[PDB]
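K.L.:
give me coordinates for this.
(chains A, B, C and D)
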Amino acid sequence: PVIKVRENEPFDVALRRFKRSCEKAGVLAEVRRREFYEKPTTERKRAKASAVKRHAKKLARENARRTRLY
Amino acid sequence: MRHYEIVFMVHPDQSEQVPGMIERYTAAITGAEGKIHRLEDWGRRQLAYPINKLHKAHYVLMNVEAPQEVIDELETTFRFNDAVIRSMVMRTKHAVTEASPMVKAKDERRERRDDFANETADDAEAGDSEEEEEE
Amino acid sequence: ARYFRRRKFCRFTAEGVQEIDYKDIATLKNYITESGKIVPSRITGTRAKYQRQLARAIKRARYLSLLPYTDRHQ
Amino acid sequence: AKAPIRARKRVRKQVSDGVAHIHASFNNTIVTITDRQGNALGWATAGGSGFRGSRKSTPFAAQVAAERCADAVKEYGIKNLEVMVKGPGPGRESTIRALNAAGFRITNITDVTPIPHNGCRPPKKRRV
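P.N.:
Numbers count the residues shown, from 1 in each chain, chains lettered A, B, ... in the order given. The relevant structure is shown in the block below.
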């Protein structure tokens, strides 16, 4: 998943980030493991859950200021 | 009756087969009191991946109404046509039979996106330059 | 003044383009990268219906070789 | 010291230009030079460099596998290369760098890595 689309002016290092959009996730990610049929619906779909801790972290920066520790 | 938007694509060199087949399929529809509400041929287009070989196909939008009993037989028919490489038919829900979403993409094809070659001349007699027996 | 109703850039900041149509090639390509593939739904802030119906339409379209299915088809 | 040897003149297929294929797995890398019309002009490996263990699946053992095959094909009379990449394994860039150190322009790094439409079930590995 270095991705076929060529970075402007050719160089030895592939610009892997700007190319990739939805590759590996689910298909070539659960490597050397038993593939399940309905398991992904609860195992993998953790985007909302992982978003909360990041909202909390960005809240507390302002709250260290309001308590005055900084 | 209920409306089914069948789109199919055809192998360039095999296009010569379709002008005899298409007029029996239209007689089978109207023979069931359904209707041909457009029948748009789009010309030749590049496939992303080949299907039964060649990177090119010629795309034809029939725009049927036919009863529910008949479309299950016609859909099986259009998929197992050899001249046809693959086919898809969409639902009655949120369907247009007027005002085509591909009207511009069609015209663009004839003007600009064919080969303009002998292998796409073969398409144009099965294309908008269509010939069929009268019902 | 009243009843202007959906000029531009109003109801939603991002326009919904198609639902379930695939016969226009251009409507699908509205959410398709230069890699030739769908962008995830979290990043764009698309509304779930237009996306849920596009999940069928995009797979349908790919199977008719209106799209590459696979990186080998780029 | 030097001997009075005849002149060398030999031909093999003189292809001047090629494609390379890189198959990256989880335990090894396999690195292979071919003609552009599709015929093997040599190969090397990272397992045949004898690193073994985890060290066998690293960008550096993969690089030196690429420099081993790329040396051998001068005798085939190849002079330019292009490369095909196929896998998620290590040597993403390091394999490329070793063909580029073989003196080739490597402008086309075409990922062709096959994404099956969800293929065949991989091995369970450990029983927990």
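K.L.:
ok, the residue positioned nearest the centre of chain D - contacts?
P.N.:
Closest residue to the average C-alpha location of chain D: residue D:31 at 2.3 Å, with CA atoms, centre = their mean. By CB atoms under 8 Å, 6 or more residues apart in numbering or on different chains, the contact set of residue D:31 is D:20-22, D:43-46, D:62, D:65-66, D:68-69, D:95. The way it works is simple: take the backbone N, C-alpha and C, and place the C-beta from them, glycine included.
K.L.:
what subset of the residues you listed is buried?
P.N.:
For these, a neighbour count by 16 or more other CB atoms under 10 Å in any protein chain shown gives the buried set as D:20-22, D:43-46, D:62, D:65-66, D:68-69, D:95.
K.L.:
which elements pack onto the single longest helix found in chain D?
P.N.:
If you go by DSSP state H, chain D has its longest helix at helix D:59-72. Contacting helix D:59-72 under the criterion 3 or more CB pairs under 8 Å, 6 or more residues apart in numbering or on different chains; DSSP states H and E are the following elements: strand D:29-35, strand D:40-45, helix D:94-101.
K.L.:
in chain A, which spans are helices?
P.N.:
Counting by DSSP H, the helices of chain A are A:16-19, A:40-43, A:47-67.
K.L.:
and chain D, which of those is closest to it?
P.N.:
helix A:16-19 (7.5 Å; CB to the nearest CB).
K.L.:
just the CA coordinates for the closest one, please, in PDB.
P.N.:
Output of helix A:16-19 as PDB, limited to C-alpha atoms (Å, rounded to 0.1, in the frame of the first residue of the first chain):
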ATOM      1  CA  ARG A  16       2.800   7.200   0.800                       C
ATOM      2  CA  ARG A  17       0.500   9.500   2.900                       C
ATOM      3  CA  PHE A  18      -0.900  11.900   0.200                       C
ATOM      4  CA  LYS A  19      -1.900   8.800  -1.900                       C
END
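K.L.:
spell out which parts of chain C neighbour chain D.
P.N.:
Neighbours of chain D within chain C, by CB under 8 Å from any CB of the partner chain: C:69-72, C:74.
K.L.:
can you list these in JSON lines and add secondary structure, distance to residue B:56 and neighbour count?
P.N.:
Formatted as JSON lines, these follow (DSSP: H, G, I helix; E, B strand; the rest coil; distance: CB to CB, whole Å; neighbours: other CB atoms under 10 Å in any protein chain shown):
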{"residue": "C:69", "secondary structure": "coil", "distance to residue B:56": "18", "neighbour count": "18"}
{"residue": "C:70", "secondary structure": "coil", "distance to residue B:56": "19", "neighbour count": "17"}
{"residue": "C:71", "secondary structure": "helix", "distance to residue B:56": "22", "neighbour count": "23"}
{"residue": "C:72", "secondary structure": "helix", "distance to residue B:56": "18", "neighbour count": "16"}
{"residue": "C:74", "secondary structure": "coil", "distance to residue B:56": "17", "neighbour count": "18"}
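K.L.:
understood, closing this out.
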